[PDB]
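Q: I have a structure I would like to understand better, so I am pasting it below and will then ask my questions one at a time.
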Amino acid sequence: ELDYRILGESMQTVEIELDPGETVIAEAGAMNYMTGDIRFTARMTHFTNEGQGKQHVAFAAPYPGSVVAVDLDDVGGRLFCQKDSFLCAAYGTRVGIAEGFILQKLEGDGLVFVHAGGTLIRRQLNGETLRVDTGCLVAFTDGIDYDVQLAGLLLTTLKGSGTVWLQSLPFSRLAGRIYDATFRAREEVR
Amino acid sequence: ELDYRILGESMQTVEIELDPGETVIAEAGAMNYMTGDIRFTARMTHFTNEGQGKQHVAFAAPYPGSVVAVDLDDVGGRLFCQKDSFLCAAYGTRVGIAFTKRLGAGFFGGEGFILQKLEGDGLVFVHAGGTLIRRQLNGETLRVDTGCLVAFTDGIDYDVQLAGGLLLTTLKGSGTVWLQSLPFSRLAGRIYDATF
Amino acid sequence: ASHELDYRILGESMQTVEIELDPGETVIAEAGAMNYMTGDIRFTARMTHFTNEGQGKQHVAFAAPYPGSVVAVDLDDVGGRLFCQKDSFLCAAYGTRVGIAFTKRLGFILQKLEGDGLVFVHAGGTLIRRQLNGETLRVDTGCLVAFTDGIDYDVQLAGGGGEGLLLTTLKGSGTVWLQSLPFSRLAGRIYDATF
């Protein structure tokens with residue numbers, strides 16, 4: 001279905017090629033630019049080529065990092081992913097769940113696009129168990145038993161054969177640490 | 001007039017090499033370091049080499065992304081620049097405002113959306129958050145998420161609309177556009193209202 | 001003697017250190033830094049110690065909460081001592097002694113790292129390494145990642161938000177590590193533009 005180009009080295013934007021007829025779906029506010037005949041509509045926000053040219057719409061996440069293109073057919077037409085990490089999808093993708101940490105399921109035959117904050121980390125699992133700061137979980141396949149747990153620092157335990165995609169800098173860690181660091185300036189009142 | 005080297009790969013800083021008597025202008029919150037005989041004066045801050053040999057001062061924007069040198073000669077002696085995107089310029093650069101406009105109750109409700117005009121015959125350095133997307137127009141229409149506009153040459157018309165909140169900038173006409181994938185306004189905005 | 005860690009630095013401009021621990025080896029990092037860990041890694045609180053409690057080579061990964069690169073510094077290459085901005089510190093071999101060299105509130109903490117093992121600092125934006133040979137360098141205070149003995153320093157309000165530029169003056173002989181995008185600049189600029 002969709003053609004695309006992933007621009008940038010460590011920080012990435014995905015330029016979606018939309019031929020006349022084709023739609024692409026994305027979270028509100030991910031879009032960078034539209035060429036000419038692209039038109040958009042709210043309901044998830046859908047971008048469609050309304051004219052007659054090979055056209056472009058670019059998307060990028062609101063924190064620094066890389067975009068991974070995942071052909072759904074390459075992974076049994078299913079991919080689990082953290083709601084923050086979802087960037088965009090070939091129209092006719094089923095979403096839904098599987099503001100606390102949210103895991104989403106995406107399934108279909110098309111292209112899906114996920115963002116990994118900071119470093120992208122890809123690992124193959126073969127019976128091995130991997131433990132993962134929960135926010136650092138980007139996406140994973142089937143064949144992976146996952147289990148979220150707690151200290152008292154929320155940890156996710158993964159086990160099986162299959163693929164996990166991790167990120168070194170989740171948006172939640174970045175935003176929370178930014179807030180923390182602002183303490184003095186905001187203490188200046190009381 | 002100015003020698004420089006751009007350091008780093010995806011995240012960048014500009015180290016300006018100053019000969020004796022030479023000057024670079026920058027907002028002073030962008031400076032990272034300066035060698036010994038560099039002096040600075042509030043009017044934009046001016047950094048001058050007050051020594052006898054080569055001196056250095058480096059500058060970086062306060063959000064991740066890359067630096068581009070733009071020779072004003074190469075673009076008619078005028079560039080339009082989002083203010084957050086201005087990094088530094090050679091002394092003699094004429095820096096003015098081409099456009100100021102508040103816009104709603106989000107990020108551009110604060111300071112506002114500000115386009116500067118940079119004119120002259122020297123070197124200008126601008127910064128693009130995330131990756132830089134450079135585009136030549138050739139009588140075409142480009143619609144851009146408003147904060148994503150870094151810089152543009154003459155021959156390009158622009159105006160900002162509230163779309164269907166979605167702030168859109170429509171570009172139409174000639175030359176070169178410089179766009180950024182992760183504008184500070186998007187970075188700061190999403191972070192602001194997420195810690196809320 | 002500190003444990004002898006192995007490692008690999010993952011990524012290009014935005015990096016993470018994956019530390020490799022042999023049975024019974026330990027690495028020290030602040031809580032919240034770790035990204036993943038293999039099956040036999042265990043951890044306890046005091047800064048938390050991550051230990052290979054099982055068999056063979058095991059791995060824990062760590063990153064800083066802002067974009068930049070990782071620098072491995074072998075303390076032996078620096079006479080057993082590194083000065084380090086607090087936020088720049090990422091992780092260190094067990095046996096590393098962490099002290100406070102400096103604190104100043106001007107309206108900013110330097111730790112001292114000591115031992116014979118590996119330490120890992122983080123540089124926001126780009127790393128700029130510089131060598132001083134009897135010279136003075138003036139830096140934006142947050143841009144200071146680390147330095148060696150031989151270097152004299154102080155933090156002052158620049159003077160000449162609408163106020164508050166901190167300037168660090170460095171002088172002497174040794175290595176200085178600088179970052180182009182300090183967390184404090186990033187946090188402060190975001191705060192100013194939104195809050």
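To be explicit about the labels: the chains of the structure tokens are called A, B, and onward in the order shown, and within each one the residues are counted from 1, while ligands get numbers from 1 in the order they are shown.
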Neighbouring residues of residue 179 (chain B) were defined as those with any atom within 8 Å, considering only C-alpha atoms; residues of the same chain fewer than 3 positions away were excluded. Please report them as a VMD selection string.

A: chain B and resid 128 132 to 135 148 to 151

Q: Write down, as a list in words, each residue of chain B that has any atom within 7 Å of an atom of chain A, counting only C-alpha atoms.

A: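 Therefore, the residues near the partner are residues 10, 130, 131, 141, 142, 143, 144, 145, 148, 181, 182, 186, 187, 190, 191 and 195 of chain B.
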
Q: Chain A residues within 6 Å of chain C, counting only C-alpha atoms: which ones, as a ChimeraX atom specification?

A: /A:10,118-119,129-133,168,174,178

Q: Would you list the contacts of residue 102 (chain B) as a compact mmCIF listing (two decimals) with C-alpha atoms, in the first residue's frame, taking every protein, DNA or RNA residue within 8 Å and counting only C-alpha atoms, but skipping same-chain residues closer than 2 positions in sequence?

A:
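Dumped to selection39.txt:
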```txt
# COMPACT_ATOMS: atom_id res chain seq x y z
CA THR B 100 4.71 39.02 15.16
CA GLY B 104 -4.61 31.22 20.73
CA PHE B 108 1.98 30.55 20.57
CA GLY B 109 -0.35 32.18 23.11
CA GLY B 110 2.77 32.96 25.15
CA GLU B 111 5.51 34.95 23.48
CA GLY B 112 3.74 34.61 20.10
CA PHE B 113 4.89 33.44 16.67
```

Q: Please provide as a count of residues only all residues within 7 Å of residue 138 (chain B), with the sequence filter that same-chain residues fewer than 2 positions apart are discarded (counting only C-alpha atoms).

A: 5

Q: Taking only C-alpha atoms into account, report as a list in words which residues of chain B lie within 6 Å of chain C.

A: residues 8, 10, 11, 32, 33, 34, 35, 36, 62 and 188 of chain B

Q: Applying 9 Å and only C-alpha atoms, which residues near residue 166 (chain A) remain after dropping the ones on its own chain fewer than 2 positions away? List them as a list in words.

A: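 Once the nearby chain positions are removed, what remains is residues 116, 117, 119, 120, 121, 122, 123, 132, 136, 137, 138, 139, 140, 164 and 168 of chain A; 35 and 36 of chain C.
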
Q: Could you give me the residues within region 42-169 of chain C that DSSP places in strand (DSSP E), as a PyMOL selection string?

A: chain C and resi 42-44+48-52+58-62+68-74+81-85+89-93+97-103+109-114+118-124+127-140+144-147+151-157+166-169

Q: Please provide the set of residues having any atom within 10 Å of residue 83 (chain A), restricted to only C-alpha atoms, with same-chain residues fewer than 6 positions apart removed, written as an NGL selection string.

A: :A and (27 or 96-97 or 101-105 or 114 or 138-139)

Q: CA of residue 79 (chain B) and CA of residue 92 (chain B) are how many Å apart?

A: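 Between CA of residue 79 (chain B) and CA of residue 92 (chain B) the gap works out to 14.1 Å.
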
Q: I want to know what sits within 7 Å of residue 134 (chain C), based on only C-alpha atoms, with residues of the same chain fewer than 4 positions away left out; could you give that as an MDAnalysis selection string?

A: chainID C and resid 171:173

Q: Could you jot down the CA of residue 80 (chain C) to CA of residue 2 (chain C) separation for me, Å, one decimal place?

A: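 A separation of 11.3 Å between them.
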
Q: From the options C:55, C:105, C:75, C:26, which residue's atoms come nearest to residue 43 (chain C), counting only C-alpha atoms?

A: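 Closest candidate: C:26.
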
Q: Please determine, counting only C-alpha atoms, which residue among B:84, B:22, B:50, B:119 has the shortest atom-to-atom distance to residue 180 (chain B).

A: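 Going through B:84, B:22, B:50, B:119 one by one, the smallest distance to residue 180 (chain B) is for B:84.
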
Q: Would you give me, as an NGL selection string, the residues in chain B that DSSP reads as alpha helix (DSSP H)?

A: :B and (184-194)

Q: Identify which of the residues B:38, B:7, B:44, B:137 lies closest to residue 86 (chain B), counting only C-alpha atoms when measuring atom-to-atom distances.

A: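 Selected residue with least distance to residue 86 (chain B): B:44.
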